[PDB]
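Chains as they are written, first to last, in PDB author numbering: chain 1, 12 to 118; chain D, 255 to 368; chain C, 206 to 397; chain 5, 11 to 137; chain 6, 13 to 114; chain 4, 19 to 122; chain 3, 49 to 180; chain 2, 22 to 124.
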């Protein structure tokens with residue numbers, strides 16, 4: 012029966028679609044969280060520098076920020092691959108049932 | 255407090271009115287209770303809530319939350335038996351909250367056991 | 206189509222019932238017609254099943270956990286050299302796609318008597334331990350699988366039966382009536 | 011055959027978008043859950059006494075001096091404010107993800123089947 | 013016909029925030045929790061009106077008990093207009109259907 | 019296009035325009051009363067009463083809130099009635115743009 | 049021509065209302081940033097810290113933090129498009145007055161765009177209706 | 022005959038009516054870039070100027086924060102005209118196909 016063969020190709024279809032759009036900004040928000048560090052690295056030192064996780068800008072030493080923000084680089088730096096790991100298998104998984112659709116038809 | 259669709263009086267169109275009429279409803283059932291603890295009661299005889307028109311949990315919450323031990327859901331004829339045999343005089347009203355109409359028990363406990 | 210004249214046995218069981226069209230190749234001679242019987246559903250753990258797909262990497266990791274156990278189940282089928290594989294209910298799309306990776310058609314969600322017909326058609330058994338598989342289990346002998354259009358419908362013939370022969374009555378009427386008149390009296394013989 | 015499935019196709023596409031629209035928006039409500047947790051993360055991370063630039067009002071923001079880390083809100087009840095403990099609020103900052111994710115994620119397979127119900131009508135509408 | 017659809021908006025009207033309640037209803041169980049979970053460790057506020065009202069447990073204790081009860085109360089007001097609106101639009105359905113067919 | 023009709027629509031335009039900023043201000047004034055009610059609901063006098071403006075909540079007595087709450091009311095209420103006679107003036111020309119439309 | 053008047057009849061009144069709503073979004077960004085004035089001007093303070101008051105600091109949506117706020121006299125104003133500066137209470141005052149009017153005239157501008165789009169559509173229509 | 026006459030009577034009208042479509046479409050795009058620079062470039066930038074990022078409020082000066090609003094504002098204004106002319110040329114072609122159906 013091709014129903015679940017048509018059912019699996021629909022679900023894993025929209026599964027893989029997310030890993031493509033996110034991975035690049037994850038490289039960006041990697042690169043930008045390097046840049047925003049370089050952006051505060053622009054002015055050699057300041058107390059009025061802020062890094063924050065919310066509407067609050069909690070006053071922080073840009074140094075600990077350079078760590079935190081290259082850490083924030085490292086945050087989005089990692090998420091590219093776990094998507095690419097998502098991006099890797101899900102592309103094949105949708106065709107798993109599709110491989111079952113067509114062979115049985117070629118059969 | 256007065257009913258429409260619950261102990262909370264609800265006029266039904268948009269939800270701020272029924273939210274504000276709470277200020278009406280909430281304060282009363284609090285004060286009506288505050289009035290219950292004014293004269294004060296250690297036990298409250300409360301007959302069944304169908305031997306009531308209805309009993310505000312909103313009150314009844316803050317009622318027992320002013321720390322008065324209560325029995326609800328009791329037969330009024332129990333109460334009638336209780337109004338006589340222990341001489342707890344019938345209280346239909348807060349003027350009727352009085353140390354005479356509020357019966358004096360030597361000890362009042364609950365046993366879930368034996 | 207056909208006529209009771211050219212109506213004549215093929216070995217095992219000639220499979221009309223679920224066949225309106227080939228689901229099993231077209232014509233298969235040596236390659237084994239194979240019965241996969243339930244127990245092709247995944248195990249996300251070793252013998253176990255853990256939490257299933259939810260978000261990003263579970264789609265990867267879990268549906269992979271589902272796949273290995275079945276790929277492990279898959280191999281034992283391909284190891285006995287099938288091409289057509291008739292899997293009754295209890296199939297994974299995981300179970301087919303490596304059968305697809307070996308380009309060995311895995312025929313899913315088809316009835317029991319039909320598979321028992323097919324278990325009588327090549328006369329193979331029905332797999333009682335789908336985790337450890339044998340060609341002695343399913344696809345016995347050399348076997349045959351032949352899906353033939355005779356009149357309207359493609360008709361799977363799984364033949365060259367092991368189990369003591371086996372043979373089913375080929376019923377070809379011109380109409381189904383001139384078919385049926387024979388079969389009803391045929392029904393006397395086959396009972397006698 | 012065809013016109014009734016021309017008529018019936020109308021609602022199934024909405025049943026698609028009914029489910030399509032809803033599931034997407036609960037991640038937005040989850041954004042604040044990890045946010046406030048993270049806003050409480052770096053809150054406890056640094057100290058009390060850091061300057062806080064907090065929203066004054068649109069086009070503006072106001073500074074401020076943080077004297078409380080462990081003082082942290084949760085929004086539960088109805089219109090209600092529970093200021094919680096740093097770990098308390100985090101726990102609900104955490105946990106409010108958990109229940110909302112359940113109501114959110116359940117919507118996606120139902121999204122498919124409404125289309126699979128619409129797509130089935132599409133065929134029988136075209137066939 | 014509009015008669016089919018006529019009272020369904022008035023219907024879902026009273027149903028709209030009633031649904032919103034039922035999450036608040038669920039979180040009213042949670043604020044009962046998070047009040048009981050707050051011994052005063054961090055401030056408890058009924059937020060009512062654009063003014064922040066400094067509040068207490070016992071001030072919010074009956075309240076969240078009253079809220080949850082009240083957050084069950086806007087249920088019944090719809091339950092009032094639930095069978096008002098769905099039932100009369102149930103009669104209207106045949107009224108202008110045939111007339112327009114006529 | 020017919021002269022009155024352009025004015026009619028432009029006047030029919032303005033009639034709505036003016037009662038717009040009239041009506042939006044009722045419930046806030048009403049909420050300012052509700053806000054007076056909500057502090058009055060619980061913790062009437064019995065504690066600090068902060069009042070919320072921006073991110074800061076100004077600690078004070080009970081009555082200063084309602085005072086500020088009653089304050090914005092009449093202000094906001096004068097804003098209500100500011101366009102009220104402006105609704106009065108606008109539709110009186112519209113009825114003419116109704117009259118002179120069928121008259122011309 | 050019968051085509052000129054009605055195409056003038058239709059579009060001009062049609063756009064007469066269109067001239068109102070683009071004036072209604074003239075005033076759309078007016079009260080939004082107008083309330084911002086109050087939130088600032090209340091909290092505007094001299095001789096003490098600007099907004100010296102008590103607060104629950106808004107860190108996030110589900111989150112606040114109790115404290116004594118008091119800052120110096122300053123306000124960090126969002127002007128849009130990834131640009132913030134640190135202003136003091138007055139630059140905060142006046143530059144906030146600006147998000148009133150320059151936002152007021154954002155979609156205000158599309159009104160007089162629709163003023164002549166009221167005018168230009170009929171004229172191009174009727175001449176093209178002659179081409180018709 | 023009368024089928025082609027309405028087509029150009031449509032397409033110029035589509036261009037004609039589309040004069041309103043591009044009127045409202047690129048408006049707010051222009052509006053936001055300005056208010057920013059209109060509010061920023063007016064008020065004193067002379068001291069330190071924030072680079073504003075959501076998770077990181079960067080400390081910089083005017084020299085850095087000021088020019089960023091000038092350049093891509095003009096760059097975006099160049100690009101925005103295309104999609105509408107596409108949508109209008111699509112509006113030109115699409116509605117050119119639509120009037121052709123029912124004769």
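Heads up, the beta-carbon is just placed ideally off N, CA and C, and yes, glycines get one too.
Going by DSSP in three states, residue i sits in which element: helix, strand or coil?
i, result
"residue 290 (chain C)", "strand"
"residue 30 (chain 2)", "helix"
"residue 84 (chain 5)", "strand"
"residue 30 (chain 5)", "helix"
"residue 28 (chain 6)", "helix"
"residue 122 (chain 3)", "coil"
"residue 146 (chain 4)", "Nothing about residue 146 (chain 4) can be reported from this structure: the residues present for chain 4 run from 19 to 122 only."
"residue 128 (chain 3)", "strand"
"residue 57 (chain 3)", "helix"
"residue 125 (chain 5)", "helix"
"residue 103 (chain 5)", "helix"
Using a Cβ-Cβ cutoff of less than 7 Å, which residues in the same chain neighbour residue i once the five nearest sequence positions on both sides are dropped?
i, result
"residue 70 (chain 1)", "61"
"residue 143 (chain 3)", "125 and 135"
"residue 112 (chain 4)", "26, 29, 30 and 33"
"residue 31 (chain 2)", "116, 117 and 120"
"residue 41 (chain 6)", "80"
Examine chain 6 for any beta-carbon lying closer than 8 Å to the beta-carbon of residue i, and answer yes or no.
i, result
"residue 72 (chain 5)", "no"
"residue 41 (chain 5)", "no"
"residue 98 (chain 5)", "yes"
"residue 59 (chain 5)", "no"
With a threshold of 8 Å between beta carbons, is residue i in contact with chain 5?
i, result
"residue 69 (chain 1)", "yes"
"residue 19 (chain 4)", "no"
"residue 73 (chain 4)", "yes"
Can the beta-carbon of residue i be found closer than 8 Å to that of residue j?
i, j, result
"residue 114 (chain 5)", "residue 37 (chain 5)", "yes"
"residue 36 (chain 2)", "residue 109 (chain 2)", "yes"
"residue 362 (chain D)", "residue 297 (chain D)", "yes"
"residue 130 (chain 3)", "residue 56 (chain 2)", "no"
"residue 47 (chain 6)", "residue 92 (chain 5)", "yes"
"residue 125 (chain 5)", "residue 114 (chain 3)", "no"
"residue 76 (chain 5)", "residue 97 (chain 5)", "no"
"residue 278 (chain C)", "residue 245 (chain C)", "yes"
"residue 368 (chain C)", "residue 107 (chain 1)", "no"
At a Cβ threshold of 8 Å, is residue i touching chain 1?
i, result
"residue 122 (chain 5)", "yes"
"residue 67 (chain 2)", "no"
"residue 78 (chain 2)", "yes"
"residue 48 (chain 5)", "yes"
"residue 64 (chain 2)", "no"
"residue 264 (chain C)", "yes"
"residue 74 (chain 2)", "yes"
Determine, for residue i, whether the minimum Cβ-Cβ distance to residues of chain 3 falls below 8 Å.
i, result
"residue 27 (chain 2)", "yes"
Report, in whole angstroms, the separation of the C-beta atoms of residue i and residue j, which I expect to be a contact under 8 Å.
i, j, result
"residue 94 (chain 2)", "residue 58 (chain 2)", "7 Å"
"residue 30 (chain 1)", "residue 85 (chain 1)", "Contact doesn't hold; Cβ gap of about 19 Å is too wide."
"residue 206 (chain C)", "residue 363 (chain C)", "Between residue 363 (chain C) and residue 206 (chain C) the Cβ distance is about 21 Å, and since that is not below 8 Å, they are no contact."
"residue 372 (chain D)", "residue 308 (chain D)", "Since the first and last residues shown for chain D are 255 and 368, residue 372 (chain D) lies out of range."
May I ask whether a heavy atom of the ligand ADP can be found less than 7 Å away from the beta carbon of residue i?
i, result
"residue 97 (chain 3)", "Ligands are entirely absent from the displayed structure, and the ligand ADP is therefore not among its contents."
Determine, for residue i, whether the minimum Cβ-Cβ distance to residues of chain 4 falls below 8 Å.
i, result
"residue 73 (chain 3)", "no"
"residue 78 (chain 6)", "no"
"residue 281 (chain D)", "yes"
"residue 64 (chain 6)", "yes"
Keeping to the same chain, check which residues put their C-beta closer than 8 Å to that of residue i; ignore five residues upstream and five downstream.
i, result
"residue 39 (chain 1)", "87"
Does the beta carbon of residue i sit closer than 8 Å to a beta carbon anywhere in chain C?
i, result
"residue 19 (chain 1)", "yes"
Quick one: is residue i near chain D, going by C-beta distance under 8 Å?
i, result
"residue 52 (chain 6)", "no"
Might you give, ordered along the chain, the residues of its own chain that have their beta carbon closer than 6 Å to the beta carbon of residue i, omitting 5 neighbours on each side?
i, result
"residue 268 (chain D)", "none"
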